[PDB]
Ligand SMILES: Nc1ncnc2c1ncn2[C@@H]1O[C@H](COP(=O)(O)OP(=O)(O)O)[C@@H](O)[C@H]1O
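In the form deposited without adenosine-5'-diphosphate, a lone chain appears below as structure tokens.
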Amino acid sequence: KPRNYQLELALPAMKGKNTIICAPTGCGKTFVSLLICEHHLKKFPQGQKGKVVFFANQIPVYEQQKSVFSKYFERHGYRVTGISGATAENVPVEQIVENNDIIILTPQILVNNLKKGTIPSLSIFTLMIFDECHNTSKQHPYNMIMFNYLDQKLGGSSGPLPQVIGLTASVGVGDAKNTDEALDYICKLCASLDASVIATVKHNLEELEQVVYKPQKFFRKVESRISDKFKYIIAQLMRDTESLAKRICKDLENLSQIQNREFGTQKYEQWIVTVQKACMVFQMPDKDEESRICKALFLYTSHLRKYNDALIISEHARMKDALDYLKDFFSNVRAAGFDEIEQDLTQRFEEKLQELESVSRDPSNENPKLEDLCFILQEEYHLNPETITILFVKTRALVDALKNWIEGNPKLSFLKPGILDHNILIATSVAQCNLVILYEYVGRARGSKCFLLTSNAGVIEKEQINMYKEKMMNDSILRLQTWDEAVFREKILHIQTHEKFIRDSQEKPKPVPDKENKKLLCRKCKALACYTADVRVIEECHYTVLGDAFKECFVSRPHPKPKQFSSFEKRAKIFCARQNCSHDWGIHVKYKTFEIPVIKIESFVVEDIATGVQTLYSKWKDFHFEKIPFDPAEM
């Protein structure tokens, strides 16, 4: 039921101006949006109709908003619908927009329509409600819609422009250090959304924090393990592996010049990636031994990266989980190739496993971080035996490691697997939320806490400055509410004018396409895949090959997670068709009725014909060549 708390938030928006209203709850925002929609559709006299649009960022929240708006708007006779990726396939979105009032289509669909030509002007709507409007920062679909709105407004042909009332929970600080930078960031966010009012609770503070999270911070600084026997063995393995890898690459220490790297860190992973990308561009004129050298170097770098990931897992999660990860990687990589390099690496890993398994089964090598985690979990479940806990981790490789640790450790039997009846839920990013644990990560049931287990004071300082940023953001919101609506309007107008100017400035013209007929080669094999003359672009995003020689140059493999995205339908993945390469080259899809193995320029190296330099790109946008459109009349 609409109470005074919702009316205080909805009042500054019913006048007819955009707002940056922010509520710490979700049901409050939903109810406020409902009342705003009602007051906007009921204020229009006879002869006019409303076209309020709601922008949901995710599919679950989209379905929730669609259900709520369909259940609420049943006695008013309003056409409420919604479009998504599984709905805008061969459907007249223009007829849906023109024959409905409360459409809840996604922002990406509206951006694609504005780019294609459908819905030319943004003045057809009369009310825009951007859910979670704090994402309007850079290159966002919300930001693209706002750029279109500003281009239509400041361009001099602004017609019946709709309201741009937003809806978020936290305004956000970003990277602000002092109050002035926070105020500048908030003003830039408000000008990007083109709003002069920031509605928030200022009078009804009595009933605000009744259903508010209100968390508690319980930072616990822990130290790492000292008995790094497993780490020592893995470091010796990586050391002799890098030593025997320099037999073919004498300049391996000069390909990446950053600093002295240590095993078990992210800097070592970056060094591995850099030396891999630097050795993948070898130009030996033999073209037969170069392939073997590149394959051996790729195998060496992949094994080193897997060892580094195992070291990171053993440092963060348990040791047996890292050993199981290594064994699983070696089992999955053994059935692929049987060459001398892989056989030597596998036999060395098997020789070291006889001691690795003995070190892993030693009960005196338990991580103290997991020890204090188990201790605090036990004390929290002894305080209350009905706590639904959530455990955030950095990398997904720990979501199963901690799950196996919970299932195996006998000191905690009240827990249940919660990989994302379920007691603890081990996830990575985002119910009851009775307790949150940030294990090296940087709601309801009032009385919840938030533990921060970390072996570094850097995360503690980051959380402290984040709390300070939240406080100064609240202060800046208060200061902006103190200001008037006129000077704020002039300020946001100047800010958005400068934004439009700098945006029109950074407009790179069409680059000269490389008329040469360069070719593409595999990453870990350096085999001739296809020339650029046989590469056809479909919709300025996807690239495919239609040659007949390339059709037998790959092998198919069943896709573990197939899904269609508005243009194709997945069928399988494509891999390199060589002796023991099995490298990912792309994915097999169907556009309308044919079958196309669309490849990615990331897993390829570009070699010229005239010069011969082996270039390496990451995205198709960086590859500047003659992009011939895919014509279905050929094949």
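Basically, rigid core = biggest C-alpha set you can superpose within 1.5 Å across the two forms. In case it trips you up, residue 1 is the first one in the sequence shown, and so on. Residues that one form lacks are left out of the comparison.
The discussion below concerns the form deposited with adenosine-5'-diphosphate bound, not included here.
Judged by the 2.4 Å clash test against backbone and C-beta atoms, the pocket of this chain is blocked once adenosine-5'-diphosphate is superposed from its pose in the bound PDB entry, as three or more ligand atoms violate the cut-off. Residue contact check for residue 58: none of its heavy atoms lie within 4.5 Å of adenosine-5'-diphosphate in the bound PDB entry. Among heavy atoms of residue 31, some come within 4.5 Å of adenosine-5'-diphosphate in the bound PDB entry. A residue is said to contact a partner when one of its heavy atoms sits within 4.5 Å of a partner heavy atom; residue 24 meets this definition for adenosine-5'-diphosphate in the bound PDB entry.
By the criterion of a heavy atom within 4.5 Å, residue 579 is excluded from the residues contacting adenosine-5'-diphosphate in the bound PDB entry. For a residue to qualify, one of its non-hydrogen atoms must sit within 4.5 Å of adenosine-5'-diphosphate in the bound PDB entry; none of 108, 153 and 158 qualifies. Shown without its partner, the chain has 1, 3, 6 in segment 1-16 as residues with a non-hydrogen atom within 4.5 angstroms of adenosine-5'-diphosphate in the bound PDB entry. Fitting the two forms on the rigid core leaves the C-alpha of residue 59 displaced by under 2 angstroms between this form and the one not shown. With the core held fixed, the Cα of residue 25 is displaced between this form and the one not shown by 2 Å or more. Distance between the C-alpha atoms of residue 26 and residue 449: shorter by at least 3 Å in the bound PDB entry than in the displayed form. Relative to the shown form, the CA atoms of residue 69 and residue 26 are pushed 3 Å or more farther apart in the bound PDB entry. The protein segments that move between this form and the one not shown, counted as runs of at least three consecutive residues with every Cα displaced by 2 Å or more relative to the fitted core, are 25-27, 443-445.
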